[PDB]
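Here's the structure we're looking at; comments come further down.
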Amino acid sequence: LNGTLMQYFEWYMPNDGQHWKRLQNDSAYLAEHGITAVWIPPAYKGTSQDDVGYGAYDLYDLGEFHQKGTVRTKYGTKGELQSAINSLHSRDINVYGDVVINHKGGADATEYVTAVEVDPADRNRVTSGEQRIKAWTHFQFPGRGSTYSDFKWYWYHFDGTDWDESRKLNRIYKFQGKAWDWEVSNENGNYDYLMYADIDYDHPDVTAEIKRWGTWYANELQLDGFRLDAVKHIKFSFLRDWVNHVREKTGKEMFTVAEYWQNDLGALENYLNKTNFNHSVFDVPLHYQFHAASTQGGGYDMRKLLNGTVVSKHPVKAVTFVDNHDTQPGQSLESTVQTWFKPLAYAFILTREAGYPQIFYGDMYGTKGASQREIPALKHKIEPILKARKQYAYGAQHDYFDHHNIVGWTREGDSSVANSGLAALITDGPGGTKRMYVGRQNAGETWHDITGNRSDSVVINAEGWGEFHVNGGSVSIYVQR
Ligand SMILES: OC[C@H]1O[C@@H]2O[C@H]3[C@H](O)[C@@H](O)[C@@H](O[C@H]4[C@H](O)[C@@H](O)[C@@H](O[C@H]5[C@H](O)[C@@H](O)[C@@H](O[C@H]6[C@H](O)[C@@H](O)[C@@H](O[C@H]7[C@H](O)[C@@H](O)[C@@H](O[C@H]8[C@H](O)[C@@H](O)[C@@H](O[C@H]1[C@H](O)[C@H]2O)O[C@@H]8CO)O[C@@H]7CO)O[C@@H]6CO)O[C@@H]5CO)O[C@@H]4CO)O[C@@H]3CO
Ligand SMILES: [Ca+2]
Ligand SMILES: [Ca+2]
Ligand code: NA
Ligand code: NA
């Protein structure tokens, strides 16, 4: 009954074209461990075969056309993806597609464009007169032709770019007659511009086309929902309308979660408000708290985990997580939750009632970057916690955030899930004990630590309390034997 998301990729997976096949072959394992939805990496042609997917060359090429030196994407072919999705749906696993509509990379040809430079710390400030640049803005899709869509892109569909090919120069250029979109993040004055050619969401043909593509994409892959990339760089009212549009055309719920990357609840709440709460956001602040706790050696006040997060104020609109492809070692938003703390963070997201939790492929299977700082495979430490969620994390919750280090929570169980109920303890410092209430209805049951970290059994007293133990820097989750 509890739903669990999985981000089904990490940044450094090998470019062998086998990822979709792997996903298909992992569907039985995912279903058995209680994963009910997967977020798949962008499925369309990037700027090269080894693009992780955020280049977004051709949104209508799902690994079907020979473009950018390849038919397949990094991950495989359209057919392979569709076979994987078909296996996942056969096991009631929903599929959320990644939607990268901020920009387009890898244009087929340059165009001469009149532009001005803007200040990278304040993109509202113009720092040059008009100049002629060669911008990568012409998309003809020579390998695709007009199959699925005859829409061609030119400079006038974009607000700007970060490269002039004539002078070989990396600067933020705003095209003549264009204005950065609003509302976007107010960081750097206006954070519309991120990378590649920035899509102009003031352009009515562009808004129409991206909405149309949205519906096509959903149908083509039989998607159940969306993950929205880089939303702080995309006109908020457009995103709102886009989500409503695809829902209207497909007739389905299309659960949607946006990646709004800011460690600030206020900014996330503004975004929710400006999109009428029609979709969820990732709980970025909670991730940063996990990161802080993991790097402070016991010095973090664990009571802080209850405040300043999306899940603390808008639990129905939070997707909670520990790490992702941007926070993993080496990557652009690097803030990795250290290995020792990572299971404790997973207990917090998986066994508490608030939020829609997500597990990271990189945490399960490890990351394959070229460093000696990669995330090791933690599948065996995470499996028990997933099981706790799937089978035990039901009913009324009681919180025990009453200590700088050792914090815990219980779940009473629900009569709809047989033998459900748990008692969780995590500590960033020394271990110890906490007496916690698990419900009088559990009186006399014998509970054991599903993680195997503690070998002691705890018998629940007549008043519904047990005396629970946790080791130093560890997690224990007690459930009925
Ligand atoms: O697994 C489901 C769910 O579990 C967790 O949610 C629990 C939550 O943490 C608790 O706080 C409590 O919820 C109470 C809530 O917090 C109170 O605010 C109140 O809610 C009332 C609303 O205030 C009121 O507005 C109205 O709500 C309606 C919505 O406005 C309307 O949009 C629609 O809701 C839909 C969502 O918008 C949509 O996103 C989708 O929701 C899914 C979540 O996005 C997804 O994360 C997950 O939710 C988790 C949640 O994250 C945990 O925190 O699955 C959701 C279901 O698919 O779909 C929604 C439904 O279509 O409709 C609602 C009302 O129908 O009314 C509500 C009261 O009904 O009281 C709440 C107590 O009921 O308990 C929940 C449940 O465990
Ligand atoms: Ca933008
Ligand atoms: Ca614009
Ligand atoms: Na723009
Ligand atoms: Na602490």
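Residue numbers (the deposited numbering): 3 to 483.
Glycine residues also receive a C-beta, built at the ideal position from the N, C-alpha and C atoms.
By the C-beta criterion, the segment 246–254 is judged not to be in contact with the segment 285–305, since fewer than 3 inter-stretch pairs fall below 8 angstroms.
DSSP, read as helix, strand or coil, puts residue 448 in strand. Relative to ligand 2, the beta carbon of residue 226 is positioned no closer than 6 angstroms to any heavy atom. As DSSP reads the structure, residue 322 sits in a beta bridge with 359.
Within the chosen limit of 6 angstroms, ligand 5 reaches the beta carbon of residue 302 through at least one heavy atom. When secondary structure is reduced to three states using DSSP, residue 443 falls in the helix class. For residue 333, no alpha helix (DSSP H) encloses it, and the DSSP letter there is neither H nor E. Assignment of residue 140 by DSSP, reduced to helix, strand and coil, places it in the strand class. DSSP places residue 471 in the uninterrupted beta strand (DSSP E) bounded by 467–472. Of 250, 228, 262, 222, the smallest CA-CA separation from residue 238 is found for 262. Taking non-hydrogen atoms of ligand 5 into account, the C-beta of residue 407 is found less than 6 angstroms away from one of them. Between the segment 73–80 and the segment 262–273, the count of Cβ pairs shorter than 8 angstroms is below three; the stretches do not touch.
Judged by beta-carbon spacing, residue 384 lies beyond the 7 angstroms limit of residue 358, meaning their Cβ atoms are not closer than that value.
Residue 191 and residue 123 have their C-alpha atoms some 7 angstroms from each other. Following the DSSP letters along the chain, one finds residue 267 in no beta strand (DSSP E) but inside the alpha helix (DSSP H) bounded by residues 267–276. Residue 381 is not a Cβ neighbour of residue 36, given a cutoff of 7 angstroms.
Taking non-hydrogen atoms of ligand 2 into account, the C-beta of residue 104 is found less than 6 angstroms away from one of them.
Less than 7 angstroms divides the Cβ of residue 410 from the Cβ of residue 426. Boundaries of the beta strand (DSSP E) harbouring residue 482: 477–482, taken from the DSSP string.
Remark: C-beta atoms of residue 402 and residue 449 do not approach each other more closely than 7 angstroms. Residue side-chain check: residue 151 keeps its Cβ at 6 angstroms or more from all non-hydrogen atoms of ligand 1. DSSP places residue 411 in the uninterrupted beta strand (DSSP E) bounded by 408–413.
For residue 15, the CB contacts under 7 angstroms within the same chain, skipping 5 residues up- and downstream, are 21, 370 in chain order.
Within the model, the alpha-carbon separation for residue 145 versus residue 58 is close to 15 angstroms.
Straight across, the Cα-Cα distance linking residue 301 with residue 431 is about 8 angstroms. Shortest Cα-Cα distance from residue 199 to any of 296, 315, 56 involves 56. At least one heavy atom of ligand 2 lies less than 6 angstroms from the C-beta of residue 236. In the structure shown, the three-state DSSP call for residue 107 is coil.
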